[PDB]
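[1] build me a model from this:
(one chain, ligands or ions: 3)
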Amino acid sequence: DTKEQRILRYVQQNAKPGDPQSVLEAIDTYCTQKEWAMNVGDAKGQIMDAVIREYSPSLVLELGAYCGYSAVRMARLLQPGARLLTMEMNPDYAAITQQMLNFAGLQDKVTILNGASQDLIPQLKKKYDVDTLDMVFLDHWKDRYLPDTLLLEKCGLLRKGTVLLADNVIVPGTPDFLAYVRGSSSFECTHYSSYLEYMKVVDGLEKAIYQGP
Ligand SMILES: C[S@@+](CC[C@H](N)C(=O)[O-])C[C@H]1O[C@@H](n2cnc3c(N)ncnc32)[C@H](O)[C@@H]1O
Ligand SMILES: CC(=O)C(=Cc1cc(O)c(O)c([N+](=O)[O-])c1)C(C)=O
Ligand SMILES: [Mg+2]
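    Numbers count the residues shown, from 1 in each chain. Ligands and ions are numbered 1, 2, ... in the order given. Coordinates below:
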């Protein structure tokens with residue numbers, strides 16, 4: 001099997017069905033003790049929790065689902081009737097993510113879209129009945145953060161106050177995205193210093209709030 005199958009199996013055997021907190025704890029234990037994996041992790045996850053709680057977004061778009069750790073993290077804090085859309089182009093990972101959300105009991109709040117964000121974002125309004133997004137979590141391949149931010153803008157999916165929250169702006173780093181949003185009057189930016197998941201390596205999240213065109 002794969003590392004991602006092993007993470008899912010560990011959750012199934014070390015967490016409680018319908019208990020998202022125990023799912024997060026099981027993933028973080030497995031990835032600390034056994035196999036590193038690119039989940040946002042508990043240190044940066046706590047910052048995300050604080051952001052989600054501050055904004056109480058009704059519609060969140062996640063770019064990059066992997067095994068479902070950040071989808072579980074965010075969906076467990078969504079208010080009743082709020083929703084998360086998560087885009088994941090790797091079908092093996094999308095299948096793991098669905099099973100992770102099912103185990104956590106959060107599947108009614110999350111819709112997985114299997115495809116590439118650059119192909120799916122232009123379809124959100126017509127095919128997925130989106131007006132504008134309240135919050136976007138960018139955590140896919142780092143060279144896509146800037147192109148997809150610009151694409152979300154072009155597609156009319158950002159409104160004044162939409163929160164963009166970007167993982168890994170230090171490691172691996174997203175230099176063009178970071179320079180662009182920090183230099184742009186269309187975004188108000190804040191940096192949240194933290195640590196790379198499961199490692200004593202400095203990383204950080206960037207929050208970029210859209211200000212309109
Ligand atoms: C860092 S992992 C996501 C981790 C997840 N957000 C978490 O914290 O649990 C990055 C993911 O982005 C996916 N990916 C990369 N480029 C993508 C794209 N253009 N569209 C959709 N998914 C993409 C990869 O297949 C991978 O699963
Ligand atoms: C390239 C890679 O795998 C590494 C970290 C990483 C961490 C993330 O949090 C993340 O989202 C992504 N990503 O490529 O999407 C990657 C390292 C340290 O090698
Ligand atoms: Mg990441």
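[2] for residue 50, the count of nearby residues, please.
    As a burial measure, residue 50 scores 12 neighbours (other CB atoms under 10 Å). C-betas here are computed from N, CA, C, even on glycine.
[3] hang on, it is in a helix, isn't it?
    Yes. Judged by DSSP: H, G, I helix; E, B strand; the rest coil, residue 50 forms part of a helix.
[4] what ranges does the chain have for its strands?
    For the chain, strands defined by DSSP state E occupy the ranges 59-63, 83-88, 110-114, 135-138, 163-166, 187-195, 202-210.
[5] now for the first one, which elements pack on it?
    Using 3 or more CB pairs under 8 Å, 6 or more residues apart in numbering; DSSP states H and E as the contact test, the elements touching strand 59-63 are helix 69-75, strand 83-88, strand 135-138.
[6] residues of the chain that sit close to ligand 1?
    Taking CB under 6 Å from any ligand atom as the measure of proximity, the chain contacts ligand 1 at 38-40, 64-66, 69-70, 87-90, 93, 116-118, 139-141, 144.
[7] buried ones among those residues?
    Applying 16 or more other CB atoms under 10 Å to these, the neighbour count classes 38-40, 64-66, 69-70, 87-89, 93, 116-117, 139-140, 144 as buried.
[8] got the strands of the chain as a markdown table, with distance to ligand 3 columns?
    Converted to a markdown table, these look like this (distance: least, CB to the ion, whole Å):
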| stretch | distance to ligand 3 |
| --- | --- |
| strand 59-63 | 10 |
| strand 83-88 | 13 |
| strand 110-114 | 18 |
| strand 135-138 | 9 |
| strand 163-166 | 9 |
| strand 187-195 | 11 |
| strand 202-210 | 8 |
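[9] need the ones you listed in CSV with distance to residue 7, can you?
    Shown next, in CSV, are the strands of the chain (distance: least, CB to CB, whole Å):
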stretch, distance to residue 7
strand 59-63, 18
strand 83-88, 15
strand 110-114, 17
strand 135-138, 19
strand 163-166, 23
strand 187-195, 20
strand 202-210, 20
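[10] circling back: got the helices and strands packed on strand 59-63 as a markdown table, with distance to residue 57 columns?
    As requested, these are exported to a markdown table (distance: least, CB to CB, whole Å):
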| stretch | distance to residue 57 |
| --- | --- |
| helix 69-75 | 9 |
| strand 83-88 | 9 |
| strand 135-138 | 4 |
